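J.: Following this message is one structure expressed as structure tokens.
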Amino acid sequence: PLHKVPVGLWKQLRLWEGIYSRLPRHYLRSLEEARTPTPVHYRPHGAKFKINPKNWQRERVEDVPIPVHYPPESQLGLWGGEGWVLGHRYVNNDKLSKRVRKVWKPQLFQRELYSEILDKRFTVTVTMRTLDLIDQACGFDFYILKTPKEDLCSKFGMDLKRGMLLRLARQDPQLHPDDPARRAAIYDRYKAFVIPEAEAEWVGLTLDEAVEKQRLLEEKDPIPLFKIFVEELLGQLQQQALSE
Amino acid sequence: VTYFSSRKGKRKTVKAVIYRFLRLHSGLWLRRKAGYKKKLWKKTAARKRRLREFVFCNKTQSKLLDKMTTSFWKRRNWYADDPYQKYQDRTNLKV
Amino acid sequence: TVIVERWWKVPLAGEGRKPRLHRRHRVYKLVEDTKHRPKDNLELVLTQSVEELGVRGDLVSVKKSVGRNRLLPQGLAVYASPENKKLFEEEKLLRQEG
Amino acid sequence: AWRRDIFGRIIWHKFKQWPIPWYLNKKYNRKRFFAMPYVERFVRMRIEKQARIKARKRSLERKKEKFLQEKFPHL
Amino acid sequence: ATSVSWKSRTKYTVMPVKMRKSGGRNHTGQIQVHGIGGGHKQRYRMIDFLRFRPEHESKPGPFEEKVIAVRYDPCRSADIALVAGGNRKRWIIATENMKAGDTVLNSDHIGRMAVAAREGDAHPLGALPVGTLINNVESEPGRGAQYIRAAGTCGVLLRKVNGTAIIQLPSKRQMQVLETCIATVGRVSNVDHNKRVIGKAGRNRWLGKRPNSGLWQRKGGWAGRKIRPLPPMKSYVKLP
RNA sequence: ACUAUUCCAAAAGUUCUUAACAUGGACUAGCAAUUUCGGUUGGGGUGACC
RNA sequence: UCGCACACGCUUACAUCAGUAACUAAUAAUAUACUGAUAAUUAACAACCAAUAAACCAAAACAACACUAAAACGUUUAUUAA
RNA sequence: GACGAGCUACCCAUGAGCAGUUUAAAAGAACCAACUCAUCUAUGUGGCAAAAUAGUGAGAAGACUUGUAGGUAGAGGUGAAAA
RNA sequence: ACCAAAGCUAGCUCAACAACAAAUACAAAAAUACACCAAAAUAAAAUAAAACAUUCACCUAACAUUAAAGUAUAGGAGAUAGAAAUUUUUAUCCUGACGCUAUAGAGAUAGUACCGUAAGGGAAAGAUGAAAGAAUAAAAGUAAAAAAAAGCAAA
Ligand SMILES: [Mg+2]
Ligand SMILES: [Mg+2]
Ligand SMILES: [Mg+2]
Ligand SMILES: [Mg+2]
Ligand SMILES: [Mg+2]
Ligand SMILES: [Mg+2]
Ligand SMILES: [Mg+2]
Ligand SMILES: [Mg+2]
Ligand SMILES: [Mg+2]
Ligand SMILES: [Mg+2]
Ligand SMILES: [Mg+2]
Ligand SMILES: [Mg+2]
Ligand SMILES: [Mg+2]
Ligand SMILES: [Mg+2]
Ligand SMILES: [Mg+2]
Ligand SMILES: [Mg+2]
Ligand SMILES: [Mg+2]
Ligand SMILES: [Mg+2]
Ligand SMILES: [Mg+2]
Ligand SMILES: [Mg+2]
Ligand SMILES: [Mg+2]
Ligand SMILES: [Mg+2]
Ligand SMILES: [Mg+2]
Ligand SMILES: [Mg+2]
Ligand SMILES: [Mg+2]
Ligand SMILES: [Mg+2]
Ligand SMILES: [Mg+2]
Ligand SMILES: [Mg+2]
Ligand SMILES: [Mg+2]
Ligand SMILES: [Mg+2]
């Protein structure tokens, strides 16, 4: 026997059926297409073509990303899109020596970050790279709004993004309750990033959180049959009164 | 020698045969003489000359080298400037 | 951040098919280390007068140690951002004015 | 309710009546309704196993039709 | 799989509390320290090592306490004394000659003329004379007694510098301590604990000590008589 | 690898320091890994030879 | 002359009537152990069966009193307990 | 990568035994039962028994035997070392 | 003459196409009292290299198909490993069988008996007829039918 459809497409046809079908289109579209993550550990070479040193002929040259590992703690902090590099190495770097299993862990630090939009000080575990990108993006909130999903890698980062994006689209008065001036200032320079309201609340979610939120938005306890029967009877009586 | 490959199921070639030998289309294989770059100051002018020369292999060898080489190296080749092209045909051979 | 390279060349798949990886593509030589690199300069703008570094409304080059943990958190300095530089084109053209 | 139990089956969970709320009830808390990653493999196997018993039941009903038709030259 | 420790008690009772001994095993049930177990079953009796401990939080002043009894304890090598005052009873480590029907003084006060102390006396280190003999010495003020608790041991006060006393531990390493640390003046009880003979192998199983292994080992480089220049002074004073 | 050691960077601060975590590269050990233990021979070993 | 109970553990192997040619018994006789039908051990014993505060240093040993190796085990008062 | 400490090794809980005789004595003392071991011989060797039976032996208030229930798991455990 | 012997079916292969109700995680199958939940770190070696240390396809993923090609390359440059650029592919409908017959074909009449403390292992078998609401004598082994100086058992 065989399977009517291959298994890699089982995971896909999971989405085409049931409650997933009722999820909003924008969410799905965002989930499907994955922009390729900015190289962190491996170092890319720009040119599509190279010239072989020994062979002396142009060579089609491609880039393969190095698999990196994200521990469960990393999902709680901002590591700058990096993690553990698992691999092997040759001792002495002579290919002829012993091959040995090895793991490079990133260096972690405890730091505090300030939000204009969330108006708060968070204690986050960050990497050097995280502070560098926070630097180059010129704001913490800039760093979070200016970055794609694949580059943050953290549930914390994406729920941060979702939170403050929602706060932007709501135009919340709670931001700086006593100062309309600082509201003007703070909201203005991020006004590049404003997204509509129905989009903002779905942006940080995970498929379980999506399924759950959708479930809750779809809950209606079944209408008593008495209701529908009364409606039908009234319809019949009105049609009978009108025909006469 | 791999008689059936993993991915293509074809028959693989031994590359170490392709680096030291040359197949003419007659079927003669042509090889360098062992130790020609080795310890020259010891040897006579005579031996040096004998070492610089190319040579032909007996039936037992050519046969063996053929089993380690796919169809692609038994192919007829016309190169521009090909030195050996004048040597690839057999003439006046009455067996 | 450790920058890493593979010892064994990976074959190609170019039609959009994903690259087919084997176990020998898991040995790594360490090419470069980020934390062993020399530090750069942080270009900032001062909203006030810092003791050694600068007068109010000036362009400063700090190091990330002093810059990240002092100026930006306390509100002493802001980032090099162009939109934030126009602000001091403004303050500077209204300074020598009045 | 409809639940996904430990073994990855889908199950009909009949409720029960307790004197206290569900987050405060000990026994109800250590009952797990959800599956773990490795269960995904087993989930597959029975889908596959079931598929065989169905597939080779068909092939019995086929044969039955043929024997009878060659044994009884109808019409 | 799991285990739970026996040491849960939140309150201080002088009534002996039942203790569960674990021979050699950590909380994962594996042998960590060899050769422990099967002792005679013992109760534990709580000790208060902070000797200056104002009973009612309101009144700050010095204590006068009374010695009701002196008993044997299985848990430690020294002998224990039951001391009461106000509404409070405590087991404290008894000094060498302490007898039932005795009086003990506890004060944190430091006078410039110091004091002459009995054995059942507890004073701050800086309030004692330069030559005196001490035990149950506290490390950092308010932390309780740690060093010199064993059977028949004593420390000695050496010198005082910058409001900080120097003491000599039984191993003769010297210890640097703030003046406000409380200490007891004297020797610990039962000074003859060292000369007791264990008659048979039986006494060992009674004390809860298992026989050694039967594995034979060459002595390593570690073995021989090493003569070391005495380990330098330990300083519990931290710089400003 | 790990457990300890010592050092250099990193990290924080000073104008040279390291409180406990903690990463990169070394070092020095312990505990410890992976793999073998050539051949002739008036049997093998020892002796002798290749 | 390893007897009667309980604990643990076994599960109808126990009881009555009936049948045994052949199955179980290492043979027979007949049957507590094979086969069929029918019945059966009845709770006062045993299991299940409260919390939290506070007082209480003071061995079992025929227990006076001690010995060293330092000893399992709760009463009573207060607050609530269908 | 699972599963095993209902055997046995060692622990942790909670129980239970030890009559008589001798001695001021429960003293890792005597004598000798229950109880525990296994010395020596003969039977047995597809046994009654995948380690027994008969005699004969050691110990027998102690580093003693023993019941119920936990614990440590193979690159390990446990070991009064017999690898 | 005994013991035996014979059936052709149960079902399998491979491939296309696409009975509630109650009870349950107390020591599962026990209506009912104060909590906690929940968790993650590269596949290794056997084996090839006639030893063995670097290295050893397949073992995860999908990508298919005809080629480029066992070519470029990668390799104790040994054993072996091995691409891409660029090219090819007409629709469904149209299901069956030079597939097995009860030592086969599923392990299957069953995950059951039984064996394991446990993970786990894991069998054996059916045959008259329309109707039982009708009662061939061919394997070995033996029997009918003990054996008479002598010897690879016959010629
Ligand atoms: Mg292609
Ligand atoms: Mg002790
Ligand atoms: Mg010793
Ligand atoms: Mg020894
Ligand atoms: Mg290896
Ligand atoms: Mg040899
Ligand atoms: Mg030899
Ligand atoms: Mg010889
Ligand atoms: Mg010979
Ligand atoms: Mg020799
Ligand atoms: Mg019973
Ligand atoms: Mg019989
Ligand atoms: Mg157990
Ligand atoms: Mg046990
Ligand atoms: Mg007696
Ligand atoms: Mg005795
Ligand atoms: Mg006799
Ligand atoms: Mg005796
Ligand atoms: Mg004796
Ligand atoms: Mg022992
Ligand atoms: Mg030995
Ligand atoms: Mg030996
Ligand atoms: Mg090999
Ligand atoms: Mg071979
Ligand atoms: Mg070998
Ligand atoms: Mg492999
Ligand atoms: Mg069968
Ligand atoms: Mg069973
Ligand atoms: Mg016959
Ligand atoms: Mg004859």
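Just remember, in the structure tokens the first chain shown is A, the second B, etc., residues are 1-based per chain, and ligands are 1-based in the order shown.
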Write out as an NGL selection string the residues lying within 10 Å of residue 70 of chain B, counting only C-alpha atoms (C1' of nucleotides) and excluding same-chain residues fewer than 4 positions away.
T.: (:B and (10-14 or 66 or 74-75)) or (:I and (70))
J.: Okay, now the selection with C-alpha atoms (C1' of nucleotides), as a PDB file, in the first residue's frame?
T.:
```pdb
ATOM      1  CA  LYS B  10      25.845   3.240 -12.276  1.00  0.00           C
ATOM      2  CA  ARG B  11      29.436   1.932 -12.266  1.00  0.00           C
ATOM      3  CA  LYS B  12      32.014   4.249 -10.640  1.00  0.00           C
ATOM      4  CA  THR B  13      35.551   5.045 -11.788  1.00  0.00           C
ATOM      5  CA  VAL B  14      38.811   4.853  -9.853  1.00  0.00           C
ATOM      6  CA  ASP B  66      40.254  -0.965 -18.395  1.00  0.00           C
ATOM      7  CA  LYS B  74      37.476   5.030 -23.659  1.00  0.00           C
ATOM      8  CA  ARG B  75      35.913   7.790 -25.773  1.00  0.00           C
TER       9      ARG B  75
ATOM     10  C1'   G I  70      30.164   8.538 -12.598  1.00  0.00           C
TER      11        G I  70
END
```
J.: Please determine the contact residues of chain F with respect to chain A at a cut-off of 12 Å, counting only C-alpha atoms (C1' of nucleotides), and supply them as a PDB file with N, CA, C and O atoms (P, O5', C5', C4', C3', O3' and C1' of nucleotides), in the first residue's frame.
T.:
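Once written, part_11.pdb looks like this:
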```
ATOM      1  P     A F   1      37.684  19.429  26.124  1.00  0.00           P
ATOM      2  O5'   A F   1      36.393  18.682  26.699  1.00  0.00           O
ATOM      3  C5'   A F   1      35.204  18.564  25.929  1.00  0.00           C
ATOM      4  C4'   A F   1      34.215  17.635  26.587  1.00  0.00           C
ATOM      5  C3'   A F   1      34.037  17.839  28.080  1.00  0.00           C
ATOM      6  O3'   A F   1      33.129  18.884  28.383  1.00  0.00           O
ATOM      7  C1'   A F   1      34.442  15.561  27.667  1.00  0.00           C
ATOM      8  P     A F  10      39.616  42.628  26.420  1.00  0.00           P
ATOM      9  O5'   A F  10      38.100  42.135  26.509  1.00  0.00           O
ATOM     10  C5'   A F  10      37.405  41.734  25.336  1.00  0.00           C
ATOM     11  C4'   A F  10      36.246  40.828  25.657  1.00  0.00           C
ATOM     12  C3'   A F  10      35.207  41.386  26.609  1.00  0.00           C
ATOM     13  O3'   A F  10      34.310  42.284  25.986  1.00  0.00           O
ATOM     14  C1'   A F  10      35.756  39.197  27.266  1.00  0.00           C
ATOM     15  P     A F  11      34.106  43.747  26.612  1.00  0.00           P
ATOM     16  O5'   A F  11      33.227  43.480  27.913  1.00  0.00           O
ATOM     17  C5'   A F  11      31.961  42.846  27.827  1.00  0.00           C
ATOM     18  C4'   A F  11      31.439  42.498  29.195  1.00  0.00           C
ATOM     19  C3'   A F  11      31.470  43.632  30.209  1.00  0.00           C
ATOM     20  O3'   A F  11      30.354  44.489  30.117  1.00  0.00           O
ATOM     21  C1'   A F  11      32.487  41.741  31.151  1.00  0.00           C
ATOM     22  P     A F  12      30.596  46.045  29.825  1.00  0.00           P
ATOM     23  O5'   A F  12      30.961  46.645  31.254  1.00  0.00           O
ATOM     24  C5'   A F  12      29.930  47.047  32.144  1.00  0.00           C
ATOM     25  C4'   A F  12      30.212  46.636  33.567  1.00  0.00           C
ATOM     26  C3'   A F  12      30.866  47.684  34.454  1.00  0.00           C
ATOM     27  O3'   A F  12      29.959  48.666  34.925  1.00  0.00           O
ATOM     28  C1'   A F  12      31.976  45.631  34.740  1.00  0.00           C
ATOM     29  P     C F  21      30.620  30.672  42.257  1.00  0.00           P
ATOM     30  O5'   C F  21      29.356  30.475  41.309  1.00  0.00           O
ATOM     31  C5'   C F  21      29.459  30.648  39.905  1.00  0.00           C
ATOM     32  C4'   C F  21      28.215  31.285  39.339  1.00  0.00           C
ATOM     33  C3'   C F  21      28.029  31.145  37.837  1.00  0.00           C
ATOM     34  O3'   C F  21      27.456  29.903  37.468  1.00  0.00           O
ATOM     35  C1'   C F  21      27.708  33.400  38.451  1.00  0.00           C
ATOM     36  P     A F  22      28.175  28.972  36.374  1.00  0.00           P
ATOM     37  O5'   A F  22      28.537  29.972  35.184  1.00  0.00           O
ATOM     38  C5'   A F  22      27.566  30.396  34.236  1.00  0.00           C
ATOM     39  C4'   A F  22      28.211  31.250  33.177  1.00  0.00           C
ATOM     40  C3'   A F  22      29.451  30.641  32.534  1.00  0.00           C
ATOM     41  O3'   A F  22      29.134  29.787  31.447  1.00  0.00           O
ATOM     42  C1'   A F  22      29.938  32.842  33.258  1.00  0.00           C
ATOM     43  P     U F  23      30.178  28.667  30.954  1.00  0.00           P
ATOM     44  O5'   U F  23      30.739  29.243  29.579  1.00  0.00           O
ATOM     45  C5'   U F  23      29.866  29.484  28.488  1.00  0.00           C
ATOM     46  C4'   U F  23      30.480  30.432  27.493  1.00  0.00           C
ATOM     47  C3'   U F  23      31.841  30.040  26.953  1.00  0.00           C
ATOM     48  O3'   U F  23      31.752  29.072  25.924  1.00  0.00           O
ATOM     49  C1'   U F  23      31.827  32.342  27.506  1.00  0.00           C
ATOM     50  P     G F  24      33.062  28.302  25.399  1.00  0.00           P
ATOM     51  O5'   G F  24      33.972  29.441  24.754  1.00  0.00           O
ATOM     52  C5'   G F  24      33.776  29.871  23.417  1.00  0.00           C
ATOM     53  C4'   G F  24      34.986  30.611  22.914  1.00  0.00           C
ATOM     54  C3'   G F  24      36.303  29.864  23.039  1.00  0.00           C
ATOM     55  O3'   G F  24      36.535  28.974  21.967  1.00  0.00           O
ATOM     56  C1'   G F  24      36.557  32.030  23.918  1.00  0.00           C
ATOM     57  P     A F  33      37.540   4.655  30.664  1.00  0.00           P
ATOM     58  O5'   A F  33      37.279   4.918  29.119  1.00  0.00           O
ATOM     59  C5'   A F  33      37.922   6.020  28.529  1.00  0.00           C
ATOM     60  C4'   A F  33      37.463   6.354  27.151  1.00  0.00           C
ATOM     61  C3'   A F  33      38.128   5.511  26.071  1.00  0.00           C
ATOM     62  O3'   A F  33      37.517   4.240  25.832  1.00  0.00           O
ATOM     63  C1'   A F  33      38.707   7.724  25.708  1.00  0.00           C
ATOM     64  P     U F  34      36.480   3.961  24.634  1.00  0.00           P
ATOM     65  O5'   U F  34      37.397   4.003  23.333  1.00  0.00           O
ATOM     66  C5'   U F  34      36.974   4.663  22.153  1.00  0.00           C
ATOM     67  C4'   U F  34      38.007   4.538  21.071  1.00  0.00           C
ATOM     68  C3'   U F  34      38.826   3.263  21.097  1.00  0.00           C
ATOM     69  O3'   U F  34      38.102   2.061  20.817  1.00  0.00           O
ATOM     70  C1'   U F  34      40.284   5.057  20.823  1.00  0.00           C
TER      71        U F  34
END
```
J.: Could you list, as a PyMOL selection string, every residue within 12 Å of segment 130-140 of chain I, counting only C-alpha atoms (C1' of nucleotides) and ignoring same-chain residues fewer than 6 positions away?
T.: chain I and resi 1-7
J.: Using only C-alpha atoms (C1' of nucleotides) and all ligand atoms, which residues have at least one atom no more than 10 Å from ligand 26? Output them as a PyMOL selection string.
T.: (chain C and resi 23) or (chain I and resi 43-47+56-59)
J.: May I have the selected residues written with C-alpha atoms (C1' of nucleotides), as a PDB file, in the first residue's frame?
T.:
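result_38.pdb, written as the output of this step:
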```pdb
ATOM      1  CA  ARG C  23      27.910  13.986   8.815  1.00  0.00           C
TER       2      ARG C  23
ATOM      3  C1'   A I  43      22.695   9.855  16.397  1.00  0.00           C
ATOM      4  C1'   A I  44      26.699   6.165  17.626  1.00  0.00           C
ATOM      5  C1'   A I  45      29.077   1.738  16.510  1.00  0.00           C
ATOM      6  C1'   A I  46      29.136  -2.974  14.009  1.00  0.00           C
ATOM      7  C1'   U I  47      31.453  -2.732   9.284  1.00  0.00           C
ATOM      8  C1'   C I  56      33.423   4.457   5.084  1.00  0.00           C
ATOM      9  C1'   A I  57      27.603   5.631   0.512  1.00  0.00           C
ATOM     10  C1'   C I  58      22.177   4.100   2.568  1.00  0.00           C
ATOM     11  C1'   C I  59      20.175   5.425   7.356  1.00  0.00           C
TER      12        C I  59
END
```
J.: Please provide as JSON, numbers by chain all residues within 12 Å of residue 53 of chain I, with the sequence filter that same-chain residues fewer than 4 positions apart are discarded (counting only C-alpha atoms (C1' of nucleotides)).
T.: {"A": [96, 97, 98, 99], "F": [34, 35, 36], "I": [76]}
J.: Take the residues just selected and output them with N, CA and C atoms (P, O5', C5', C4', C3', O3' and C1' of nucleotides) as a PDB file, in the first residue's frame.
T.:
```pdb
ATOM      1  N   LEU A  96      44.439  15.214   9.658  1.00  0.00           N
ATOM      2  CA  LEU A  96      44.956  13.896  10.013  1.00  0.00           C
ATOM      3  C   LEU A  96      44.862  13.564  11.508  1.00  0.00           C
ATOM      4  N   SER A  97      44.594  14.560  12.350  1.00  0.00           N
ATOM      5  CA  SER A  97      44.518  14.332  13.796  1.00  0.00           C
ATOM      6  C   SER A  97      43.164  13.763  14.235  1.00  0.00           C
ATOM      7  N   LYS A  98      42.922  13.759  15.542  1.00  0.00           N
ATOM      8  CA  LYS A  98      41.662  13.262  16.085  1.00  0.00           C
ATOM      9  C   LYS A  98      40.496  14.211  15.894  1.00  0.00           C
ATOM     10  N   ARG A  99      39.354  13.658  15.495  1.00  0.00           N
ATOM     11  CA  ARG A  99      38.096  14.399  15.424  1.00  0.00           C
ATOM     12  C   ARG A  99      37.332  14.235  16.734  1.00  0.00           C
TER      13      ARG A  99
ATOM     14  P     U F  34      36.480   3.961  24.634  1.00  0.00           P
ATOM     15  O5'   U F  34      37.397   4.003  23.333  1.00  0.00           O
ATOM     16  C5'   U F  34      36.974   4.663  22.153  1.00  0.00           C
ATOM     17  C4'   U F  34      38.007   4.538  21.071  1.00  0.00           C
ATOM     18  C3'   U F  34      38.826   3.263  21.097  1.00  0.00           C
ATOM     19  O3'   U F  34      38.102   2.061  20.817  1.00  0.00           O
ATOM     20  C1'   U F  34      40.284   5.057  20.823  1.00  0.00           C
ATOM     21  P     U F  35      38.267   1.124  19.521  1.00  0.00           P
ATOM     22  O5'   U F  35      39.820   1.005  19.212  1.00  0.00           O
ATOM     23  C5'   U F  35      40.248   0.976  17.858  1.00  0.00           C
ATOM     24  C4'   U F  35      41.739   0.836  17.721  1.00  0.00           C
ATOM     25  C3'   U F  35      42.322  -0.475  18.184  1.00  0.00           C
ATOM     26  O3'   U F  35      42.190  -1.493  17.218  1.00  0.00           O
ATOM     27  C1'   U F  35      43.607   1.293  19.032  1.00  0.00           C
ATOM     28  P     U F  36      42.416  -3.019  17.657  1.00  0.00           P
ATOM     29  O5'   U F  36      44.004  -3.199  17.658  1.00  0.00           O
ATOM     30  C5'   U F  36      44.734  -3.413  16.458  1.00  0.00           C
ATOM     31  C4'   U F  36      46.212  -3.224  16.686  1.00  0.00           C
ATOM     32  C3'   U F  36      46.927  -4.313  17.455  1.00  0.00           C
ATOM     33  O3'   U F  36      47.264  -5.429  16.669  1.00  0.00           O
ATOM     34  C1'   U F  36      47.571  -2.224  18.297  1.00  0.00           C
TER      35        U F  36
ATOM     36  P     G I  76      43.484  13.089   2.432  1.00  0.00           P
ATOM     37  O5'   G I  76      44.150  11.656   2.379  1.00  0.00           O
ATOM     38  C5'   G I  76      43.779  10.677   3.329  1.00  0.00           C
ATOM     39  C4'   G I  76      44.992  10.260   4.090  1.00  0.00           C
ATOM     40  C3'   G I  76      46.095   9.699   3.234  1.00  0.00           C
ATOM     41  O3'   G I  76      46.809  10.694   2.524  1.00  0.00           O
ATOM     42  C1'   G I  76      45.824   8.366   5.151  1.00  0.00           C
TER      43        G I  76
END
```
J.: Could you give me, as a ChimeraX atom specification, every polymer residue with an atom at most 10 Å away from an atom of ligand 12, counting only C-alpha atoms (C1' of nucleotides) and all ligand atoms?
T.: /G:22-28,34
J.: If you count only C-alpha atoms (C1' of nucleotides) and all ligand atoms, which residues end up within 10 Å of ligand 23, as a ChimeraX atom specification?
T.: /I:47-52
J.: Please find the residues contacting ligand 3 at a distance of at most 10 Å between atoms, with only C-alpha atoms (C1' of nucleotides) and all ligand atoms counted, and report them as a PyMOL selection string.
T.: chain E and resi 211-213
J.: What do you get as a VMD selection string if you pick all residues at most 8 Å from ligand 13, counting only C-alpha atoms (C1' of nucleotides) and all ligand atoms?
T.: chain H and resid 5 70 to 71
J.: Give me, as a PyMOL selection string, the set of residues whose atoms come within 8 Å of any atom of ligand 8, counting only C-alpha atoms (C1' of nucleotides) and all ligand atoms.
T.: chain F and resi 41-44
J.: May I have the residues within 9 Å of ligand 19, computed using only C-alpha atoms (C1' of nucleotides) and all ligand atoms, as a list in words?
T.: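 Checking only C-alpha atoms (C1' of nucleotides) and all ligand atoms against ligand 19 at 9 Å gives residues 30, 58 and 59 of chain H.
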J.: What residues of the protein or nucleic acid chains come within 10 Å of ligand 22 when you use only C-alpha atoms (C1' of nucleotides) and all ligand atoms? Reply as a ChimeraX atom specification.
T.: /H:81-83
J.: For chain F, which residue out of C:3, C:53, C:76, C:60 is the nearest one, using only C-alpha atoms (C1' of nucleotides)?
T.: C:3
J.: What residues of the protein or nucleic acid chains come within 8 Å of ligand 20 when you use only C-alpha atoms (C1' of nucleotides) and all ligand atoms? Reply as a list in words.
T.: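 These are the residues that qualify: residues 9, 10, 79 and 80 of chain H.
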J.: Can you pull out every residue from chain B that DSSP, working from the backbone, puts in alpha helix (DSSP H), and format the result as a VMD selection string?
T.: chain B and resid 15 to 20 45 to 52 59 to 67
